[PDB]
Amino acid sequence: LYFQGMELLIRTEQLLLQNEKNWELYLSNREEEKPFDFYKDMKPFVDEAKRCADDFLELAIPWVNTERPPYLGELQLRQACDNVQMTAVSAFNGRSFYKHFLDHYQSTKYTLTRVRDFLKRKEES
(Lines of atoms letter the chains of each structure in order from A and count residues from 1; the text may use other names and numbers.)
(Lines give C-alpha, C1' and ligand atoms only; values in the text may rest on other atoms or scores of the structure.)
Protein backbone atom coordinates (compact mmCIF):
# COMPACT_ATOMS: atom_id res chain seq x y z
CA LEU A 1 0.00 0.00 0.00
CA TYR A 2 3.03 2.28 0.49
CA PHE A 3 3.97 1.79 -3.16
CA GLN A 4 0.35 2.10 -4.32
CA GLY A 5 -0.03 5.39 -2.48
CA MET A 6 3.33 6.74 -3.66
CA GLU A 7 2.53 5.80 -7.24
CA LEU A 8 -0.89 7.46 -6.95
CA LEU A 9 0.72 10.65 -5.56
CA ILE A 10 3.16 10.76 -8.49
CA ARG A 11 0.32 10.27 -11.00
CA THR A 12 -1.73 12.97 -9.23
CA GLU A 13 1.20 15.40 -9.59
CA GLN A 14 1.58 14.48 -13.23
CA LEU A 15 -2.13 15.09 -13.87
CA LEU A 16 -1.98 18.45 -12.02
CA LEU A 17 0.91 19.39 -14.27
CA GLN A 18 -1.09 18.47 -17.36
CA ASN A 19 -3.95 20.63 -16.11
CA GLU A 20 -1.48 23.54 -15.77
CA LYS A 21 -0.14 22.90 -19.29
CA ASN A 22 -3.69 23.17 -20.67
CA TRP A 23 -4.27 26.47 -18.91
CA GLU A 24 -0.94 27.98 -19.96
CA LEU A 25 -1.41 26.93 -23.60
CA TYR A 26 -4.90 28.45 -23.57
CA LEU A 27 -3.71 31.72 -22.05
CA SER A 28 -0.92 31.93 -24.60
CA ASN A 29 -3.32 31.45 -27.51
CA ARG A 30 -5.71 33.92 -25.95
CA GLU A 31 -2.87 36.50 -26.09
CA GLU A 32 -1.89 35.57 -29.63
CA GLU A 33 -3.58 32.72 -31.49
CA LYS A 34 -1.03 30.32 -32.95
CA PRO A 35 -1.83 28.09 -35.92
CA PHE A 36 -1.62 24.37 -35.24
CA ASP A 37 -1.66 21.06 -37.06
CA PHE A 38 -4.07 18.34 -35.87
CA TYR A 39 -1.48 15.53 -36.21
CA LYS A 40 1.74 17.41 -35.37
CA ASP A 41 0.37 19.47 -32.46
CA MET A 42 -3.12 18.69 -31.14
CA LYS A 43 -3.30 14.87 -31.23
CA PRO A 44 0.00 14.31 -29.39
CA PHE A 45 -0.95 16.90 -26.76
CA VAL A 46 -4.42 15.44 -26.24
CA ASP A 47 -3.01 11.89 -26.24
CA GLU A 48 -0.50 12.75 -23.48
CA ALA A 49 -3.34 14.35 -21.45
CA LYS A 50 -5.41 11.15 -21.89
CA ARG A 51 -2.41 9.00 -20.80
CA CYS A 52 -2.08 11.15 -17.66
CA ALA A 53 -5.80 10.84 -16.89
CA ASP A 54 -6.02 7.10 -17.52
CA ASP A 55 -2.85 6.41 -15.48
CA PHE A 56 -4.32 8.41 -12.60
CA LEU A 57 -7.71 6.71 -12.69
CA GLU A 58 -6.15 3.22 -12.86
CA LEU A 59 -4.97 3.73 -9.26
CA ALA A 60 -7.33 6.45 -8.04
CA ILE A 61 -10.59 4.55 -8.52
CA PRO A 62 -9.53 1.46 -6.50
CA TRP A 63 -8.04 3.84 -3.92
CA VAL A 64 -11.13 6.02 -3.56
CA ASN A 65 -13.42 3.02 -3.13
CA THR A 66 -11.17 1.20 -0.65
CA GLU A 67 -9.70 4.03 1.44
CA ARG A 68 -12.88 6.15 1.35
CA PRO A 69 -11.10 9.47 1.74
CA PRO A 70 -13.28 12.18 3.23
CA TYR A 71 -15.88 13.81 0.97
CA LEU A 72 -14.52 12.17 -2.20
CA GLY A 73 -15.77 9.52 -4.59
CA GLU A 74 -15.49 8.03 -8.04
CA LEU A 75 -17.65 10.46 -10.06
CA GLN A 76 -15.79 13.49 -8.71
CA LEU A 77 -12.48 12.00 -9.80
CA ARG A 78 -13.80 10.99 -13.21
CA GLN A 79 -15.17 14.49 -13.80
CA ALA A 80 -11.83 16.03 -12.79
CA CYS A 81 -10.25 13.85 -15.51
CA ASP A 82 -12.94 14.63 -18.11
CA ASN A 83 -12.13 18.31 -17.55
CA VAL A 84 -8.47 17.76 -18.38
CA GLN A 85 -9.36 16.16 -21.72
CA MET A 86 -11.86 18.93 -22.61
CA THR A 87 -9.45 21.74 -21.74
CA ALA A 88 -6.60 20.02 -23.61
CA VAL A 89 -8.64 20.26 -26.80
CA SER A 90 -9.97 23.80 -26.06
CA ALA A 91 -6.49 25.11 -25.21
CA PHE A 92 -5.66 25.32 -28.96
CA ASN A 93 -8.40 27.92 -29.37
CA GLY A 94 -7.75 31.19 -27.55
CA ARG A 95 -11.35 32.23 -28.21
CA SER A 96 -12.66 29.39 -26.05
CA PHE A 97 -15.06 30.93 -23.55
CA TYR A 98 -12.90 32.19 -20.69
CA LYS A 99 -15.09 31.61 -17.60
CA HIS A 100 -15.99 28.07 -18.71
CA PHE A 101 -12.30 27.25 -19.23
CA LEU A 102 -11.28 28.84 -15.92
CA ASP A 103 -14.02 26.92 -14.07
CA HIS A 104 -12.86 23.61 -15.59
CA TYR A 105 -9.21 24.34 -14.90
CA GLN A 106 -9.89 25.33 -11.28
CA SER A 107 -12.29 22.47 -10.54
CA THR A 108 -9.62 19.94 -11.53
CA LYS A 109 -6.94 21.79 -9.65
CA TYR A 110 -9.09 21.80 -6.49
CA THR A 111 -9.95 18.12 -6.61
CA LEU A 112 -6.45 16.89 -7.44
CA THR A 113 -4.70 19.18 -4.96
CA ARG A 114 -7.02 17.75 -2.27
CA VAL A 115 -5.88 14.24 -3.29
CA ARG A 116 -2.22 15.26 -3.41
CA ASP A 117 -2.30 17.00 -0.05
CA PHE A 118 -4.11 14.04 1.58
CA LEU A 119 -1.53 11.57 0.23
CA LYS A 120 1.46 13.73 1.20
CA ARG A 121 0.04 13.87 4.74
CA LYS A 122 -0.41 10.09 4.80
CA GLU A 123 3.16 9.76 3.45
CA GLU A 124 4.59 12.06 6.11
CA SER A 125 3.05 10.11 9.03
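Residues carry their position along the shown sequence, with the first being 1.
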Between 4 to 12 and 116 to 124, name whichever shows the higher mean Cα B factor according to the PDB entry.
116 to 124
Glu74 - Cα temperature factor, lowest/middle/highest third of chain
lowest
Relative C-alpha B-factor of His100, binned into the chain's lowest, middle or highest third
lowest
According to the PDB entry, is the CA B factor of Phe36 in the bottom, middle or top third of its chain, that is, lowest, middle or highest?
highest
Sorting the chain's modelled residues by C-alpha B-factor, tell me whether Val84 ends up in the lowest, middle or highest third.
lowest
Just say lowest, middle or highest third for the CA B-factor of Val64 relative to the other modelled residues in its chain.
highest
